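As structure tokens, one chain now follows by itself in the form deposited in one PDB entry.
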């Protein structure tokens, strides 16, 4: 009634998403309709979590929630409109980015991510589909349906977080607790996609295959590098793959400086993973970078 639906954008368990027009102000927005009629499933629960977090996460690189309407047996989340996600962008441009678009996209992601972490929020669902891209070059971190506030000590968080391909080795090994490090691993994985041909670096079939693909490229963490690794709940012995394997052909669009930032994001030991704030201070982002 307040919004004219223009066209569908997508739909899943999350809900149906439309490009819409404010009938009053004629502004273009994105609408997520969330059905409240199925009392016997938990879809609304996750939407209200996203609403609580996004009300407190106002940054140019986090998707802006403008309003929440309750009409009929439905909830309507009104977001800013974005032209596409990074998944459609990769298909649009043959998975081929100019090195400066690689740099611009990672930069905006780290700023949005750094904002979340400083506000005590974990995203926990970084993947190209959750990065919104505007034609003017803007990127926004989206989809806080899996996000959570942290700071109160707890026995554990869920290990059913992040889709397999962007999940870090500590969580694959079933770690009870993780920090902001969880998102920085996902950021590394996405950086690798930007800097090659838009294809996932670690496309595992399952947890076992996922760890093998990570260790096969980065080398298997030693007791010296990661002393608590063997104590993790779902730890099992993996082959010792060498740490000598070159990253040049994995990210051909990156020079040594980019490759150094990628290795600081893809540290297996979560405690050694660079923070968003440190990453933004990296030479890869200085004016003096070749």
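Residue numbers count along the first chain shown, from 1. What we label the rigid core is the largest C-alpha set whose atoms superpose within 1.5 Å from one form to the other.
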### Task
Could you tell me whether residue 18 lacks coordinates in at least a third of the other compared entries whose models cover its neighbours on both sides?
no
### Query
Does residue 71 go missing in at least one third of the other entries compared here?
yes
### Message
Regarding 58-66 and 26-34, which shows the higher C-alpha temperature factor on average in the entry?
### Response
26-34
### Summary
For 187-195 versus 92-100, entry-based mean Cα B-factors point to 92-100
### Query
Which one of 210, 220, 180, 71 shows the top CA temperature factor in the record?
71
## Note on the structure
By the entry's values, the third containing the CA B factor of residue 13 is the highest
### Task
For residue 137, return the chain-relative third of its C-alpha B-factor as stated in the PDB record: lowest, middle or highest.
middle
#### Entry: Cα B factor band for residue 152 (lowest, middle or highest third within the chain)
highest
### Task
Report the third (lowest, middle or highest) to which the CA temperature factor of residue 206 belongs, ranking only the modelled residues of the same chain.
middle
#### Entry: Assigned third (lowest, middle, highest) for the C-alpha B factor of residue 273
lowest
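What comes next is about the form deposited in another entry, which is not displayed.
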### Query
Superposing on the rigid core, do we see a C-alpha displacement of 2 Å or more at residue 255 between the shown form and the other one?
no
### Exceeds or equals 2 Å, Cα of residue 20 between the shown form and the other one, core fit
yes
#### Entry: Core-aligned CA displacement of residue 277 at least 2 Å between the shown form and the other one
no
